[PDB]
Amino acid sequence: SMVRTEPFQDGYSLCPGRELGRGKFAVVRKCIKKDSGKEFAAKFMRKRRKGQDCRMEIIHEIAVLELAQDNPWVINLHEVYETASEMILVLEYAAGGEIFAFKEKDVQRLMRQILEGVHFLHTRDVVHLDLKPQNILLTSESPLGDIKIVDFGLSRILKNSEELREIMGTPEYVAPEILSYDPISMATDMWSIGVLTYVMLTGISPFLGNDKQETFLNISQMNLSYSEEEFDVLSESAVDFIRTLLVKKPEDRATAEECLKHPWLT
């Protein structure tokens, strides 16, 4: 991006009222460009983090935003500002807010949009790695609008399996550990879309336990029975779709392109 060094407040007025989001190194505030009166989401990001220059982390976020700029299901980046301590990402404003039990038909329409966005990220070797309801926005609440994916803070651009074969090294030397390990991959995103699909259709988090250690155990060992009362109104195809995603072994999970061809969305 072309980084502007004139002051942000010269082109934009910050809206009053509750901020949009706040994290350890950044806050998002609704604003209005003085020219158009058009609304935007201004994301103020600190460069310094835990005492060290982390400008490169903001630069990484921008680069993922630009990679996905022709993706209509990812939030648009309008402008970038910079000051002595902050970089400001002027983002597209998604008037609906966060996605959040839905009706099965809404989930079908919205989930197809989400999968197109994710599919096109995977097409570009980007793994989002933080697909959750907080990060899936809507262009309208009533009626339900279109989805916008935000927040590429944990995102990575992943090496091909061929670079994973070279970083592997010669086979007779690899420890049993590495042969048992499952690295983060595109399939990691698809798991999360499985959890999201479950939650949208039923209202229950499938692996939530009484504490955290239980949630972790459920994630690694629980075979979901479905079969709770919330599934009676749901199609068999809806349960099958979830089952293609909540497969413990990552190699065996459906990809975004196969999800888009699944009969639940067709």
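The first residue of the sequence shown is number 1, and the count goes up from there.
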query	finding
Deposited but uncoordinated residues in the residue 100/residue 101 interval	4 to 9
Mean C-alpha B-factor comparison - 161-169 and 181-189, higher one	161-169
Of 170-178 and 108-116, the one with larger mean CA B-factor	170-178
Which of 42, 64, 234, 56 ranks first by CA B-factor in the deposited coordinates	234
Cα B factor band for residue 46 (lowest, middle or highest third within the chain)	middle
Ranked against its chain, the third holding the CA B-factor of residue 205	middle
Third of the chain, ranked by Cα B-factor, where residue 36 sits	highest
Third assignment of residue 82 from its chain's C-alpha B-factors	middle
Position of residue 143 among the chain's modelled residues by C-alpha B-factor, lowest, middle or highest third	highest
